[PDB]
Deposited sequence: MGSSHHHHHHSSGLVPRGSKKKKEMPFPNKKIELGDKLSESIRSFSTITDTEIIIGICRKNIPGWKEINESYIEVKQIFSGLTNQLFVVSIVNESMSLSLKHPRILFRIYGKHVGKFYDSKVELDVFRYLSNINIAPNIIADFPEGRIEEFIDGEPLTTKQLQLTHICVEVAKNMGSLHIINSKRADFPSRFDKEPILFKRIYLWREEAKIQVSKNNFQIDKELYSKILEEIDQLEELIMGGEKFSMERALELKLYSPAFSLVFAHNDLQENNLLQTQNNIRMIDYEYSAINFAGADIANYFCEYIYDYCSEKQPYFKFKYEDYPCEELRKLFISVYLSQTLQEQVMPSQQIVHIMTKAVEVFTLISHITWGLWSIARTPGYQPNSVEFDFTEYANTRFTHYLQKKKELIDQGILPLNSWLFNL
């Protein structure tokens, strides 16, 4: 109801108390996937002329308590959109007014390096902040999430309501080797993890966004801002970066089925990647890091490995009223996993143990 949202807004949003409802417009947006979102603006020419009204819907092994807990922190250290009012059934957020980057704009060098700078600022919070919540899992999520979403997929598949059983089946086999592949012949341990960090900040443990795609990067007047932290959690730095690199391939701004376009060749070239990683490290390490340095050369090729984590994760996720062909999209991510793995091999990036330690 509009009047109920307007009453809630004038009561809780500083400055809105005395504003007549006739100057307030509530307009629901349906670009979301779970919650009821509204942009509430003041139409008469206030620190907050526009706000984002979020009402929690029921989400499709998902824990809403942890996601909210993480968001409130990020909101408090001023990374995520500011929280103006916070209640059980929803919240009032600062409206980040800007245009979401396009898939093509990612190719632009000035845009690329700004995101790498932002990702870096977000990554270091778990090691450079005294106020970092201790209760947040200190272990990477990449594997847990995959196993968790793998099981959700099975359930849906058994629901049998049209997937490429041959591809899907091969992916289920690959998952068994997935840890050895990322950890270079060894299964995951916090031990293996700390040792790997010694070789490349790619295996550094950071607080990752985990879904930093172009539609989650808003281009404001003076900067680009990140949104949608629903998948944010500690993870290998390389995982988060490789995922961003992958979104270079997927354009979700299509109006005809399957309602997304993909171009494998669009995956960012090696030079662009190195510029990204140089700026990233300059940010996380606070020192002059440039593409010609060996820490970049190593990390760039290491980050390539984590690209498979992205294709598999969002594949299973895609399987686990709005226009999107989730099944066809999963087929694509899986397809690209196979392809990328062949490339990493032919390029000598896989297996890790054949170069990383030399």
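According to the record, the deposited residues with no C-alpha atom in the structure span 1-49, 95-99, 115-116, 218, 378-385, 424.
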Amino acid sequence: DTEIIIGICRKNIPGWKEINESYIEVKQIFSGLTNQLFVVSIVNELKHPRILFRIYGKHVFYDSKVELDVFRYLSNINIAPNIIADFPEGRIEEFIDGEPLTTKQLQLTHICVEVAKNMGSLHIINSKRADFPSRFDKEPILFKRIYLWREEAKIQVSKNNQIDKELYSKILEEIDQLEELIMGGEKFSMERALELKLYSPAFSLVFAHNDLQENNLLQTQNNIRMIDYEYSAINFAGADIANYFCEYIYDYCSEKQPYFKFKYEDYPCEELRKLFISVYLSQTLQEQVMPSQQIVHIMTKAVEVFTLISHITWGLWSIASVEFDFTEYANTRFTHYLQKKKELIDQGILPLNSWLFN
From here on, numbers count along this sequence of modelled residues.
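Per the PDB record, of the two stretches 287-295 and 302-310, 287-295 carries the greater mean B-factor over its C-alpha atoms. The PDB entry reports B-factors from which the mean C-alpha value can be compared for 186-194 and 116-124; the larger average falls on 186-194.
Highest CA B-factor among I224, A237, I146, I171, as stated in the entry: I171. The PDB entry gives the largest Cα B-factor of the residues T220, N78, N210, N160 to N160.
In the deposited entry, the Cα temperature factor of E89 places it in the middle third of its chain's modelled residues.
Among the modelled residues of its chain, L272 has a C-alpha B-factor that falls in the lowest third according to the deposited record. Annotation for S134: C-alpha temperature factor in the middle third relative to the rest of the modelled chain, per the entry.
Per the PDB record, residue ranking by Cα B-factor puts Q257 in the highest third of the chain. When the modelled residues of the chain are ordered by C-alpha B-factor, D228 sits in the lowest third.
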